[PDB]
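Proteins get letters first, then strands, A, B, ... in listed order; numbering begins at 1 in each.
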Amino acid sequence: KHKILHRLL
Amino acid sequence: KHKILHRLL
Amino acid sequence: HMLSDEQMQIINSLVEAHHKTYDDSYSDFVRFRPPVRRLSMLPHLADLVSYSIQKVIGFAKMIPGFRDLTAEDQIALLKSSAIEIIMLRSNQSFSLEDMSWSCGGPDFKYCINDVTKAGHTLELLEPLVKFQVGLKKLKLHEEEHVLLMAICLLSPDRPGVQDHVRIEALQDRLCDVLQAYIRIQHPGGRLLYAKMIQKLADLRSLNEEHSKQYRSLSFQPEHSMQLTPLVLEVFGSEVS
Amino acid sequence: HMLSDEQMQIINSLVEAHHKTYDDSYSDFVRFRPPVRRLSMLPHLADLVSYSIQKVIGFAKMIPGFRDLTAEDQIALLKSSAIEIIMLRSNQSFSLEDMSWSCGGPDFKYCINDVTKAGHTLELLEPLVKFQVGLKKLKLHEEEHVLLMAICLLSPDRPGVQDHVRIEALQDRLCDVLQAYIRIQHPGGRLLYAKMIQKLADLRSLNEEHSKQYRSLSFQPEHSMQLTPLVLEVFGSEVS
Ligand SMILES: C=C1/C(=C\C=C2/CCC[C@]3(C)[C@@H]([C@H](C)CCC[Si](C)(C)C)CC[C@@H]23)C[C@@H](O)C[C@@H]1O
Ligand SMILES: C=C1/C(=C\C=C2/CCC[C@]3(C)[C@@H]([C@H](C)CCC[Si](C)(C)C)CC[C@@H]23)C[C@@H](O)C[C@@H]1O
């Protein structure tokens with residue numbers, strides 16, 4: 001669920 | 001789902 | 001016969017974004033798992049790529065417009081294009097001398113033989129290196145390389161994008177910038193824009209082949225365990 | 001006043017399993033992401049632990065009986081107890097001289113201050129080190145350390161176990177081995193078995209506190225991204 005991408009974004 | 005554990009086991 | 005303000009701003013903000021997210025000394029590489037020369041090189045290169053994805057995200061966030069896309073469109077574009085921006089940004093480390101990415105001494109110098117030892121066959125590395133030598137021959141200005149990365153990122157024709165009209169309108173604006181920049185600022189560059197556009201279609205074909213071989217890798221737990229949580233997120237297929 | 005054959009076999013197979021999965025030279029540590037002294041030490045220690053989980057699985061597979069448990073019971077016991085076997089096996093690197101795990105020179109020597117820089121508070125590291133110094137004082141025979149690890153792994157009272165009767169019957173057999181081994185082979189060890197049993201209950205209390213702080217960590221993507229795919233599998237809560 002792109003937990004890291006969201007955070008990085 | 002422990003894909004790696006299964007493999008390692 | 002002259003760029004706009006909003007034109008030169010786009011170049012300025014893109015070029016600065018690149019400087020902030022690309023170290024020409026490759027001095028953070030010592031923090032990766034070391035290279036080893038099975039798939040001996042998979043740990044080091046997995047970290048190489050994951051570090052790189054972190055940078056491509058930083059660049060992306062400063063492309064004008066990108067910030068205002070939905071979180072879902074940002075993810076969709078990053079997930080589908082990350083490997084292309086990495087192949088793109090690596091040209092700045094690629095050496096025509098050696099046919100290798102020379103990020104350091106003998107350790108962070110990457111033969112084609114190193115990337116095999118991360119589970120990639122020649123049916124990928126061969127056109128990968130033809131792409132790199134071609135891209136190097138184009139002797140791009142910083143302004144063009146940066147623009148080429150941004151245009152590649154803002155492609156509407158990627159799986160999962162929802163606002164393909166707003167995205168395409170952003171990609172359009174950037175293409176207009178590259179056409180104009182080359183027209184005015186690059187002497188002898190009358191075939192350049194078209195050659196740069198060609199490099200994108202090569203990237204899609206690299207992307208495809210790489211996606212195949214990543215799947216074969218990612219499906220073997222003994223190999224996927226050597227990857228990072230960011231790599232599996234970005235190259236995985238969770239979908240939103 | 002004498003061990004059985006099946007007794008001495010259990011000791012032999014356990015002791016050999018330990019030798020095969022524990023390097024006293026800590027010579028593979030150079031392949032981890034280096035230590036750094038935010039959470040500067042999280043990358044190196046995450047790799048330390050992941051490497052260790054790989055070893056604890058190797059040990060486990062050679063405990064007699066374990067192989068014949070269902071894949072689900074093996075996973076349940078490993079997931080709930082891995083951190084305990086790691087805390088256990090680390091005693092062999094812990095130095096009463098220094099109050100640190102000395103796996104190498106100044107780099108792989110781990111102060112309590114290092115583990116803070118991986119996101120652990122003293123409410124964990126304090127009893128962790130009391131546990132370690134206590135366990136070191138017990139001056140365990142290799143035969144006992146190995147047995148203590150196996151007994152800890154084969155606990156029926158762990159979340160997710162399904163065949164708690166077969167597991168407990170395996171744990172029972174091993175306790176009988178440790179009681180008998182100490183009775184016969186360890187002079188002056190008339191309170192030892194009971195002190196060793198005490199060390200298990202300390203492990204549960206460490207396990208609990210560590211599980212709390214891991215959750216807080218694992219819930220912050222900027223920190224969980226520094227972990228490995230094996231660590232998130234084993235310490236995560238997927239359940240079967
Ligand atoms: C990444 C960069 C650099 C080099 C990139 C390289 C050289 C090594 C092999 C790589 C990585 C290719 C592989 C086919 C990709 C494999 C991906 Si996986 C290990 C998850 C299977 C894609 C790009 C290639 C250095 C510097 O220019 C910074 C830039 O960012
Ligand atoms: C692991 C071993 C060794 C050392 C273990 C150590 C020292 C560093 C801090 C650790 C790791 C604790 C922490 C509280 C655990 C943190 C786990 Si995370 C980084 C995923 C948040 C648990 C055990 C501790 C060396 C050698 O004896 C081999 C053995 O196997």
Side-chain angles (χ1 to χ4, degrees), chain B, chain C residues 38 220-226, chain D residues 5-24 26 28 31 47-93 142-178 181 200 203 207 228-236 238-240:
Chain B
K1 198 43 269 302
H2 318 126
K3 198 197 324 263
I4 308 174
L5 276 178
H6 266 286
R7 182 52 161 191
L8 266 16
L9 286 169
Chain C
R38 175 135 115 265
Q220 318 202 235
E222 69 271 42
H223 297 336
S224 65
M225 74 180 165
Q226 310 297 332
Chain D
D5 315 307
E6 213 210 25
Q7 296 299 76
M8 66 89 178
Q9 302 163 37
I10 278 167
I11 287 164
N12 280 342
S13 75
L14 286 190
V15 167
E16 186 187 8
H18 182 64
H19 291 169
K20 288 189 179 182
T21 54
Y22 190 101
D23 178 9
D24 291 299
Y26 312 106
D28 289 347
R31 294 176 183 255
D47 288 341
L48 184 54
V49 183
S50 193
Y51 174 82
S52 291
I53 293 181
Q54 299 182 48
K55 294 316 171 73
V56 162
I57 291 163
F59 181 84
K61 288 163 66 175
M62 289 180 282
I63 299 165
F66 188 85
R67 188 139 196 76
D68 294 79
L69 292 178
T70 70
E72 196 181 341
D73 274 356
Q74 306 183 17
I75 293 163
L77 297 165
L78 278 172
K79 284 188 69 182
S80 58
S81 77
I83 194 63
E84 299 187 20
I85 292 101
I86 295 164
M87 285 166 165
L88 230 39
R89 78 207 306 280
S90 81
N91 191 253
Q92 198 169 337
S93 83
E142 194 148 31
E143 288 87 343
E144 292 147 342
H145 188 255
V146 103
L147 280 161
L148 190 46
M149 292 190 275
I151 268 110
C152 174
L153 232 173
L154 274 317
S155 300
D157 35 353
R158 284 170 181 317
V161 311
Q162 196 158 14
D163 202 2
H164 50 283
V165 290
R166 186 136 68 86
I167 283 160
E168 183 179 73
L170 308 178
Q171 191 191 243
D172 287 22
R173 186 153 307 122
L174 299 175
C175 295
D176 290 334
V177 162
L178 192 53
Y181 176 92
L200 299 181
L203 286 172
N207 193 318
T228 79
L230 175 59
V231 163
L232 303 147
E233 231 184 59
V234 164
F235 296 172
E238 304 290 338
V239 326
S240 289

Legend entry - Atom NE2 of D:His164 with >12 non-hydrogen neighbours under 6.0 angstrom: no
Inset, instruction - Write down the atom of D:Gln54, the atom of D:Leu230, and the distance for their closest heavy-atom approach. - result: CG-CD2, 3.4 Å
Inset, instruction - Would you confirm whether D:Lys61, through its side chain, and D:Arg67, through its main-chain N or O, come within 3.5 Å as a donor-acceptor pair? - result: no
Inset, instruction - With side chain to side chain contact (heavy atoms under 4.5 Å, CB included) as the test, would you mind laying out the steps for D:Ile75 and B:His6 before giving the verdict? - result: CA-CA 8 Å; D:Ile75 293 163; B:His6 266 286; 3.5 Å; yes
Inset, instruction - Check the surroundings of atom CD in C:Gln220: do more than 12 heavy atoms from other residues, nucleotides or ligands lie under 6.0 Å from it? - result: yes
Legend entry - Distance, nearest 0.5 Å, that separates CD1 of D:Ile151 from CG of D:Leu200: 8.0 Å
Legend entry - Donor-acceptor under 3.5 Å (D:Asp163 side chain, D:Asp73 main chain): no
Legend entry - Interatomic distance, D:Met87 atom CE to D:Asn207 atom CG [nearest 0.5 angstrom]: 7.5 Å
Inset, instruction - May I ask you to test the D:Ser155-D:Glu168 pair for a side-chain heavy-atom distance under 4.5 Å? - result: no
Inset, instruction - May I ask you to decide whether D:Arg158 forms a salt bridge with D:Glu84, counting only side-chain N to carboxylate O separations under 4.0 Å? - result: yes
Inset, instruction - Locate the shortest heavy-atom distance separating D:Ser50 from D:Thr228; write the atom from each residue and the value. - result: OG-OG1, 2.8 Å
Inset, instruction - Check for a donor-acceptor pair, side chain of D:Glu233 on one end and backbone N or O of B:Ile4 on the other, with a separation under 3.5 Å. - result: yes
Inset, instruction - Give the intermediate values and the outcome of side chain to side chain contact (heavy atoms under 4.5 Å, CB included) for residues D:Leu78 and B:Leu9. - result: CA-CA 10 Å; D:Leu78 278 172; B:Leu9 286 169; 3.8 Å; yes
Legend entry - Stepwise side chain to side chain contact (heavy atoms under 4.5 Å, CB included) test for D:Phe59 and D:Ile85: CA-CA 10 Å; D:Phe59 181 84; D:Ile85 292 101; 5.5 Å; no
Inset, instruction - Taking all heavy atoms of D:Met62 and all of D:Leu14, pick out the closest pair and write down the distance. - result: O-CD2, 4.4 Å
Inset, instruction - Provide the closest heavy-atom pair for D:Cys152 versus D:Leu88 in the form atom of the first, atom of the second, distance. - result: CB-CD2, 4.0 Å
Inset, instruction - Look up atom CG in D:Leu148 and atom CG in D:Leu153, then write down how far apart they are to the nearest 0.5 Å. - result: 11.0 Å
Inset, instruction - Heavy atoms only: give me the nearest D:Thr21-D:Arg89 pair and the separation to one decimal. - result: O-NH2, 2.7 Å
Inset, instruction - Report the distance from atom CG of D:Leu178 to atom CD1 of D:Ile10, rounding to the nearest 0.5 Å. - result: 11.5 Å
Inset, instruction - Go through the structure and list residues passing ring pair (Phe, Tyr, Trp, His ring centres under 6.0 Å) with D:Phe66, not counting sequence neighbours. - result: none
Inset, instruction - Quick one: list whatever passes ring pair (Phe, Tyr, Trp, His ring centres under 6.0 Å) with D:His18, sequence neighbours left out. - result: D:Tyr22, D:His145
Legend entry - Within 6.0 angstrom of B:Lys3 NZ, more than 12 heavy atoms from elsewhere: no
Inset, instruction - For side chain to side chain contact (heavy atoms under 4.5 Å, CB included), just list the numbers for D:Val161 and D:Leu69, CA-CA rounded to whole Å, side-chain angles, deciding distance to a tenth of an Å, and then say yes or no. - result: CA-CA 10 Å; D:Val161 311; D:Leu69 292 178; over 6 Å; no
Legend entry - Which atom of D:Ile11 lies closest to which atom of D:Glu143, heavy atoms considered: CG2-CG, 3.5 Å
Legend entry - Between OG on residue C:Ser224 and CZ on residue B:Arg7, distance to nearest 0.5 Å: 10.0 Å
Inset, instruction - Would you give the length of the straight line joining atom CG of D:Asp176 to atom CZ of D:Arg173, rounded to the nearest 0.5 angstrom? - result: 8.5 Å
